[PDB]
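Step one of this worksheet: look at the structure below.
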Ligand SMILES: [Zn+2]
Ligand SMILES: [Zn+2]
Ligand SMILES: [Zn+2]
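Residue numbers (PDB author numbering), protein chains in the order written: chain A, 1 to 173; chain A', 1 to 173; chain A'', 1 to 173. A prime marks a further copy of an entry chain.
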């Protein structure tokens, strides 16, 4: 949990979603069904809206924010890796945001995309569907393989099940 | 909030500052007027002092620490981007520390400087005023433009207003 | 603290260890004597076990997780730097994981190793003993010097003392 409203705007969280009590969700944030927000993950909807599509996960120590005129939209089946940071960007469906990677303002990530760990997607950068992105500044290095494409969805499914495990079996001690 | 003292040393926080209750401020830490510390941001003043100049922001999931003999001094109008990490360094005025970047021990960042997202400033590295720094190890790639210089201050001003919004309108639900 | 069990599995924490109340320890996690987990550090043992050897520290805003079939084992005298991320990897003794670095699944870090800040150790990557690793993807650039080797242990010792300071002198205010 650790949900807050700011100036009237309240987060809209679907009942099936899992928001760790150590995560922080503030203001204009929408979490669709079967989404999950993990420990120390922060979704600060105090400027533009932060929309998180169904079956998507926002892992441990992630930050999601926006800039004026630059809302953040996360698609379906999106995996936002541990310690990653998404800032005022649009992310398509079946996208794996690598651990500790960074997606900046105005960027547009296509569907079925994998952003490598530690990669930095520059402002306004557009990433085509089925791409593997690496480096700083991140560049499309090649297209995803059949295996990787399957994974762009399975990674998210694994988290949907994991989220449910926590909702039913977590206990503070 | 989530403020703690350690062995007698208590943080000195100006009344106008905003410290998110999910942030963690420990020991020898000084926060001047109109400063702001956001969710999961950690300022651990358990070794050397951590000084944060007025109008500066320490964003979500940032860590600020020190090494023996290496205190951390943040200037005025400094923006420490989401998930960044400052360790025993001296940062001048009107500096934007990029998202997920790293500033190491002994480094000295001049005034009106922009450190790119994911950049790593090596130990004892000195950055001249009006510089744009990119890479790992971070290097001065060019001087800031008129627009960027204006931004080195406006970024901080935006946060001063944002901080006030939170102080007056945040509500746990 | 902020310790939780999940589906029966409870963390096993030695009495001498220090777990900041703002850190998050979940499930199958073992913390040996004189270990320390700092603010916003997250050890999610909800898949494979996370084992932390004695005298090791998991610094501020770190995340430690695993993948199915890929448990995370941290050796003795290991320093996991601020904002770093270890995912389903095996780390030897006297290893310094650089600030904001990333160690991926299947990797095996030898003993007396230093991973540079912001470095990314690729999946299944094996790092020889006494190595300095830099870059993305991280590569062994040279062997450690006498000074650095001494440091691979002293860094951890400093934290053992620091941990004790917190256990005895921390006070919420
Ligand atoms: Zn932001
Ligand atoms: Zn430190
Ligand atoms: Zn994971």
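Where is the CB? At the ideal position from N, CA and C, for every residue including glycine.
Test: residue i CB closer than 8 Å to a CB of chain A'
i                        : result
residue 70 of chain A    : no
residue 162 of chain A'' : yes
residue 87 of chain A''  : no
residue 82 of chain A''  : yes
residue 57 of chain A''  : no
residue 100 of chain A'' : yes
residue 173 of chain A'' : yes
Beta-bridge pairing of residue i - partner residues as DSSP gives them
i                        : result
residue 49 of chain A    : In DSSP, residue 49 of chain A forms no bridge with anything.
residue 7 of chain A''   : Its beta-bridge partners do not exist; DSSP assigns none.
residue 27 of chain A''  : A'':45
residue 104 of chain A'  : DSSP output for residue 104 of chain A' lists no bridge partner at all.
residue 118 of chain A'  : Beta-bridge pairing links residue 118 of chain A' to no other residue.
residue 133 of chain A'' : A'':115, A'':140
residue 56 of chain A''  : Partner(s): none; residue 56 of chain A'' has no beta bridge.
Interface flag, residue i vs chain A'', CB-CB below 8 Å
i                      : result
residue 137 of chain A : no
residue 65 of chain A  : no
residue 2 of chain A'  : yes
residue 42 of chain A' : yes
residue 46 of chain A' : yes
residue 90 of chain A  : no
residue 108 of chain A : no
Test: residue i CB closer than 8 Å to a CB of chain A
i                        : result
residue 20 of chain A''  : no
residue 170 of chain A'  : yes
residue 142 of chain A'' : no
residue 60 of chain A'   : yes
residue 134 of chain A'' : no
residue 153 of chain A'  : no
residue 54 of chain A'   : no
Any non-hydrogen atom of ligand 4 closer than 7 Å to residue i Cβ
i                      : result
residue 87 of chain A' : By its list of ligands, the structure shown excludes ligand 4, since it contains just ligand 1, ligand 2 and ligand 3.
Cβ separation of residue i and residue j, assumed to be a contact under 8 Å, to the nearest whole Å
i                        : j                        : result
residue 41 of chain A    : residue 23 of chain A    : 4 Å
residue 109 of chain A'  : residue 89 of chain A'   : 7 Å
residue 19 of chain A    : residue 52 of chain A    : At roughly 11 Å, the Cβ-Cβ gap does not stay under 8 Å, so residue 19 of chain A and residue 52 of chain A are not in contact.
residue 82 of chain A''  : residue 67 of chain A''  : The pair is not a contact, with the Cβ atoms about 23 Å apart (cut-off 8 Å).
residue 113 of chain A'  : residue 131 of chain A'  : 5 Å
residue 3 of chain A'    : residue 11 of chain A'   : 5 Å
residue 75 of chain A    : residue 91 of chain A    : 6 Å
residue 120 of chain A   : residue 137 of chain A   : 6 Å
residue 72 of chain A    : residue 48 of chain A    : 7 Å
residue 103 of chain A   : residue 97 of chain A    : 7 Å
residue 44 of chain A''  : residue 105 of chain A   : Rounded, the Cβ-Cβ distance is 30 Å, inconsistent with contact.
residue 99 of chain A'   : residue 46 of chain A'   : Not really, about 26 Å apart at Cβ, beyond 8 Å.
residue 56 of chain A'   : residue 77 of chain A'   : 6 Å
residue 62 of chain A    : residue 80 of chain A    : 5 Å
residue 28 of chain A    : residue 9 of chain A     : 4 Å
residue 141 of chain A'' : residue 115 of chain A'' : That pair is no contact at about 11 Å.
*If you scan the segment 140-173 of chain A' from start to end, which runs of the alpha helix (DSSP H) of 4 or more residues do you find wholly inside it?*
The DSSP assignment places complete alpha helix (DSSP H) segments of no fewer than 4 residues inside the segment 140-173 of chain A' at 146-169, in order along the chain.
_Start-end ranges of the beta strand (DSSP E) lying completely within the segment 61-99 of chain A, minimum 3 residues_ = List check, beta strand (DSSP E) in window: 63-65, 72-74, 85-87, 95-97.
*Which residues, in order along the segment 113-132 of chain A'', keep a beta-carbon less than 7 Å from a beta-carbon of chain A'?*
Those would be 117, 118, in chain order.
*Proximal residues, the segment 6-35 of chain A'' versus chain A, C-beta separation under 7 Å*: Residues passing the 7 Å Cβ filter: 6, 7, 10, 24.
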